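In: Enclosed are the sequence and the experimentally obtained structure.
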Amino acid sequence: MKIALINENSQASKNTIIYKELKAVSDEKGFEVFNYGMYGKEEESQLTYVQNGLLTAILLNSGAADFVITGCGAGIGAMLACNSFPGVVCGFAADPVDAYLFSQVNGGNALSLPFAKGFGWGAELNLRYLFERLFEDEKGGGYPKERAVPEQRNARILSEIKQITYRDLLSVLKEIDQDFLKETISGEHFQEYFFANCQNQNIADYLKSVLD
Amino acid sequence: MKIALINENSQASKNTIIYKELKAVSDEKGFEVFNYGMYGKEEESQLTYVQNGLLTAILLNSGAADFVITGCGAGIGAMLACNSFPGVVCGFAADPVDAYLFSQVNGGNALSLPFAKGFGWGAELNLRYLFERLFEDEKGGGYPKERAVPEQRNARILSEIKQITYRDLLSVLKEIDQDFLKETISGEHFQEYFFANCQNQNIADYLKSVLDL
Amino acid sequence: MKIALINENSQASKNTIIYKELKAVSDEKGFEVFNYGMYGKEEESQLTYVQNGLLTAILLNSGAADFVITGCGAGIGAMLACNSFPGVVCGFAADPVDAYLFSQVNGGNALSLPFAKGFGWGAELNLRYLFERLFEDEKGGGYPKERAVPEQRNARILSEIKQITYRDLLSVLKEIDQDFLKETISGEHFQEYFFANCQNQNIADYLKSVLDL
Amino acid sequence: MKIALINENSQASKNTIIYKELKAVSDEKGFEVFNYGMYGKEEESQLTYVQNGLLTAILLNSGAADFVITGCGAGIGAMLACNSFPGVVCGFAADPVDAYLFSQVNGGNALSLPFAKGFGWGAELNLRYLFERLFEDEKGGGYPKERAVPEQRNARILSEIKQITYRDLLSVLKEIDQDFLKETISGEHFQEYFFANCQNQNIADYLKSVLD
């Protein structure tokens, strides 16, 4: 499993804290983790929570990541942005139970977290704990076993609906503001991490044209 | 201001509890509440959290409701479904601060709530409290107050993105499974509440054909 | 009704934030607030969460305060210390429902709050909200309303038990370390607020001797 | 380590749920667990949250248990009762971070939990998680390492204060309402669990006189 972390500008100062706990859990489970930033450095490439959504969509649809951790001050903004794109099912979580339930009931491929609201003393413990529960069992197993069938059926039906409600992703990439897109993919490690792990040749080709 | 309440099957038994608090807050504020069910009534028309999303999209895009309260066991399913349609900005709230921040930071038109996870003693008080905070101040004012401009800008940019990413709702209604759509709008009070409050004649006309006049 | 606010050293920087919200709620309700610090003032007299407990006991038993708001990083330390003295019933609250339930189920005279754990964006809103719910209804009314009698009975039985389990406060004040006690009452405004509001002359007389008149 | 579970009447119906998760964590860690009830059975011996406090005090002061898990609807009542007796330091916890912080910052010997407020779907997951974090590290280690010294010093000072503020426990047992005391120790398994694990001969002797 490949996991990506994405931070926007308001919470960039917490990227090191967040990645430390995410990497700890990933290392133990033998997953691969990629820190796409923001990193909390002066003069670095900037992302808004809206751009977090676009980047999340790019990473997941290309196969460069299997799961994306992101968020913002209260976590709702990033959630809304992520869920504005095809091929993204982005939850919200505040505690470890939330994370386990997201994994088993929804089985999505992204999670948006609050990095300011409720984020104080011991917040990094909460991060470690929720990451552990998020990846405790294989996703989409249902909770409890008695409600597993309707939960999984509903998740499938949702996926089918999303095939109808969203426009083609590459079409979206071509039609959105190109300066907005260029900035979203201007991170110091984007090219290194993305093109090495991208499985979607069509997305790769277009982003290459945007970059050179 | 017209508020719609929508429950799916697993939490239908809590519809009366939720409605009581939503109605209390709305009456104090002079808002209208339309309870679209489910009602926790034996043999009633059924909704899944996915159908909650579709119904939410129909009510908001048509103008039949200005705000939608919905949810499910943990609240995430309904959030995911609501946000899969154009014209819907659906948050999540576990406490009253969450609801206030949603109103100020995001300024959306729907909120999905957990009706089972964390729902015990005083959960009805939490509902009342969060409904109060949700409608305490004019939406979109920003928090922290100093982050108002970038928050307002980002919410606008989000809308710009959504204009590109979603297909037109009317096309969606024609492309989705029609039995699924018909069930979604088969509630006992749907026709009464919807057609009296709908502001979009194109959506109204299409749904009439789905229901066979 | 007189409310005292007490902060220890680790959360002293948040005293102004907490006071702002407590004062706002108290002003609306017509309550008096006495900020006993710590204030987040360089070189000020220091309190640990243990001393918060002792000060809370002094203020409540003397009648100088009717209710005490205190806390620490996670709120548990101060709770443990407050509840180690007679005449103190100190709850804990993380959200506004917690505060309402404390008022109705326990009907205590102190509340310890987490000022660091979970304390981020909107935490000052949570404070305001919980203070409002804490003083919303007459204390001890019970929740659920049907559990009022056994809750009221159990609270009374708890008091009966405490009459047996604790030593007299005046004896405690004489037996504890006197430097520790003196520091606890060395705040810049302690003498002003305490002696003007104290209703127990025996406690007043003893503390005067500790402070050397 | 010996862990005891105590439930009062309002939450007795959840004893099986609570004990299942507590036993799971105890079994994994090789601790010993004792279910003192209430068990949620018809016509069983009854406990109020106040009696939970007295029983907690008896178990901890006698050495029959090293740690006590208890609670009530909102958890505050049981906390107040437990902290009304010498030799008991009873925390409160709502989430797993709370439990870890209680262990490291306070290092007490009892924890009171809410079994009704916030106790819904997935509540048993929260119980398992918080029990795991409660016993993750040896108690009183401090959090973070930078605040460990003042935290541990303050916990010691609190213990010293408690030596002064509380009356002698055996004196308390003799002076409280004896019907109240008798009921508190009338549970079906009390004699079996208590006298086998009691290290305080003076408490054992007096309770024997109360029972026969």
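Out: Perfect, I can see it now. Residues are numbered from 1 along each chain as shown, chains lettered A, B, ... in the order given.

In: distance of residue A:92 from chain B?
Out: With distances taken as C-beta to the nearest C-beta, to the nearest Å, residue A:92 is found 5 Å from chain B. (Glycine included, C-beta is placed from N, CA and C.)

In: Ramachandran angles for that residue?
Out: Reported as degrees, to the nearest 10, the phi and psi values for residue A:92 are phi -130, psi 150.

In: Which residue, other than its chain neighbours, is closest to the residue nearest the centre of chain A?
Out: Note on chain A: the residue nearest the mean C-alpha position is residue A:68, at 2.5 Å, using C-alpha atoms, centre = their mean. Closest residue to residue A:68 apart from its sequence neighbours, by C-beta to C-beta, 6 or more residues apart in numbering or on different chains: residue A:110 at 4.1 Å.

In: give the contact list for the residue nearest to the centre of chain A.
Out: Contacts were defined as C-beta atoms under 8 Å, 6 or more residues apart in numbering or on different chains; by that measure residue A:68 touches A:3-6, A:56, A:59-60, A:82, A:88, A:90, A:109-111.

In: and with 6 Å instead?
Out: Listed by C-beta atoms under 6 Å, 6 or more residues apart in numbering or on different chains, the contact partners of residue A:68 are A:4, A:56, A:59, A:110.

In: which non-adjacent residue is nearest the third one?
Out: Read that as residue A:59. Of all residues not flanking residue A:59 in the chain, residue A:65 sits nearest, at 4.1 Å (C-beta to C-beta, 6+ apart).

In: from what I can see the one you found touches residue A:4, true?
Out: Yes: if you go by C-beta atoms under 6 Å, residue A:65 and residue A:4 touch, sitting 3.8 Å apart.

In: list residues touching both of the two?
Out: Residues touching both residue A:65 and residue A:4 (C-beta under 6 Å, 6+ apart): residue A:59.

In: Of those two, give the one with the bigger neighbour count.
Out: Using other C-beta atoms under 10 Å in any protein chain shown as the criterion, residue A:65 and residue A:4 rank with residue A:65 on top: 28 against 25.

In: What residues does that one make contact with?
Out: With contacts defined as C-beta under 6 Å, 6+ apart, the neighbours of residue A:65 are A:2, A:4, A:59.

In: same thing with residue A:119?
Out: If you count contacts by C-beta under 6 Å, 6+ apart, residue A:119 has them with residue C:120.

In: Would it be right to say that it lies in a helix?
Out: No: using DSSP: H, G, I helix; E, B strand; the rest coil, the secondary structure at residue A:119 is coil, not a helix.

In: ok, it to residue A:18 distance?
Out: 10 Å (C-beta to C-beta, to the nearest Å).

In: And for residue A:160?
Out: 33 Å.

In: so what's the closest residue to chain B within chain A up against?
Out: Nearest residue of chain A to chain B: residue A:83, at 4.1 Å (C-beta to the nearest C-beta). Applying C-beta under 6 Å, 6+ apart, one finds that residue A:83 lies in contact with A:90, B:83.

In: Does residue A:136 belong to a helix, a strand or coil?
Out: coil.

In: out of residue A:160 and residue A:18, which sits in the busier spot?
Out: Neighbour totals were compared for residue A:160 and residue A:18, and residue A:18 leads with 23 against 13 (other C-beta under 10 Å).

In: need the residues of chain A near chain B, please.
Out: Remark: the part of chain A in contact with chain B comprises A:48, A:50, A:74, A:76, A:83-85, A:91-92, A:101-102, A:106, A:154, A:157-158, A:161-162, A:164-167, A:172, A:175-176, using C-beta under 6 Å from any C-beta of the partner chain.

In: Inside strands: which ones of those residues?
Out: Using DSSP state E, the members of these that fall within strands are A:91-92.

In: Stretch A:140-159 and chain D, are they touching?
Out: No: counting by C-beta under 6 Å from any C-beta, no contacts exist between stretch A:140-159 and chain D, the nearest distance being 7.2 Å.

In: So which bits of that stretch are buried?
Out: Within stretch A:140-159, the residues that qualify as buried by neighbour count (16 or more other C-beta atoms under 10 Å in any protein chain shown) are A:140, A:142-143, A:151-152, A:154-155, A:157-158.

In: Likewise for stretch A:18-38?
Out: Taking 16+ other C-beta under 10 Å as the criterion, stretch A:18-38 shows A:18-19, A:21-26, A:31, A:33-38 as buried.
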